[PDB]
Amino acid sequence: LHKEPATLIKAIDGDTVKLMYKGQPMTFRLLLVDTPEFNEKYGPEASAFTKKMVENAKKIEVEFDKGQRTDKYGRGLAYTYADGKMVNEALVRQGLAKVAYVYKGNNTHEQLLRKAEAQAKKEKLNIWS
Ligand SMILES: Cc1cn([C@H]2C[C@H](OP(=O)(O)O)[C@@H](COP(=O)(O)O)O2)c(=O)[nH]c1=O
Ligand SMILES: [Ca+2]
């Protein structure tokens, strides 16, 4: 997999963000995770967390997996990085997302995120409290 540049346009919620990719505005849906909706428990904390992460980054990168790069809503499907730190993994490690939506071919970082979920659950963090 390879990291590609992108620039923040706008935080959206815990697992979507608006980024400019190859000069085009795009909504990105974070691979392999599921945050609560803003209106659900830990929803606002997940949105806040992703928002701070992406707004504070001096460098945003997106990394597509081997399978589909857009979903049925035309959202990009990527692993997204804030100054070298994966947002997808960070959310899971903090217990603000579950590993989810694991589809064959777009699952390179599955066991990295499952490892993070196991540690968040061990710590009873947030969703696992
Ligand atoms: C993460 C991800 C979501 N999706 C689609 C599946 C779900 O379909 P449905 O909308 O029919 O439930 C939806 C969940 O995204 P949200 O969690 O953003 O709602 O997005 C993909 O198709 N591929 C993916 O990799
Ligand atoms: Ca969600």
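Counting from 1, the numbers follow the sequence of the chain as shown. Note that these values count all heavy atoms, side chains included, but never hydrogens, waters or copies made by symmetry. Note that ligands are numbered from 1 as they come in the structure, with each ligand's atoms numbered from 1 the same way.
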message: Between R29 and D13 (salt bridge meaning N to carboxylate O under 4.0 Å), is one present in this structure?
response: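 Between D13 and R29 there is no salt bridge, as every charged N stays at least 4.0 Å from the carboxylate O atoms.
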field: Side-chain ion pair, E89 and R93, N-O less than 4.0 Å
entry: no
task: Could you grab the distance from atom CD of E45 to atom CD1 of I127, nearest 0.5 Å is fine?
output: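 Answer rounded to 0.5 Å: 10.0 Å.
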- prompt: Roughly how far, to the nearest 0.5 Å, is NZ of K51 from CG of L8?
  reply: 9.0 Å
Restricting to N/O/S, name the atom of [X] that gets closest to the Ca ion (ligand 2).
{"X": "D34", "result": "OD1"}
{"X": "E37", "result": "OE2"}
{"X": "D15", "result": "OD2"}

Proximal atoms of ligand 1 relative to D34 (non-hydrogen, under 4.0 Å):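 That gives atoms 17 (O) of ligand 1.
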- request: Could you list which atoms of ligand 1 come closer than 4.0 Å to a heavy atom of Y73?
  value: 9 (P), 10 (O), 11 (O)
What protein heavy atom sits nearest [atom], and how far off is it?
{"atom": "atom 19 (O) of ligand 1", "value": "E37 OE2, 4.2 Å"}
{"atom": "atom 12 (O) of ligand 1", "value": "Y101 OH, 4.5 Å"}
{"atom": "atom 23 (N) of ligand 1", "value": "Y103 CE1, 3.5 Å"}
{"atom": "atom 22 (O) of ligand 1", "value": "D71 CB, 3.9 Å"}

task: State plainly whether one hydrophobic cluster holds both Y103 and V62, where clusters connect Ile, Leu, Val, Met, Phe, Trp and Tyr through side-chain heavy atoms under 4.5 angstrom apart.
output: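 No, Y103 and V62 fall in different hydrophobic clusters.
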task: Report the member of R75, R29, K72 with the shortest heavy-atom distance to atom 13 (C) of ligand 1.
output: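 The residue whose heavy atom sits nearest atom 13 (C) of ligand 1 is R75.
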- prompt: Would you say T108 and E63 make side-chain contact, with heavy atoms under 4.5 Å?
  reply: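 Sidechains of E63 and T108: no contact.
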- prompt: Does the side chain of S129 come under 3.5 Å of the side chain of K124 through a donor N or O and an acceptor N or O?
  reply: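 The answer is no; no qualifying pair exists.
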message: Tell me whether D15 contacts the main-chain N or O of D34 through its side chain, where contact means a donor paired with an acceptor under 3.5 Å.
response: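 Side chain of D15 to backbone of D34, a donor-acceptor pair under 3.5 Å: no, none is there.
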- prompt: How does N106 reach ligand 1, if at all, at less than 4.0 Å between non-hydrogen atoms: by side chain, backbone, both, or neither?
  reply: neither
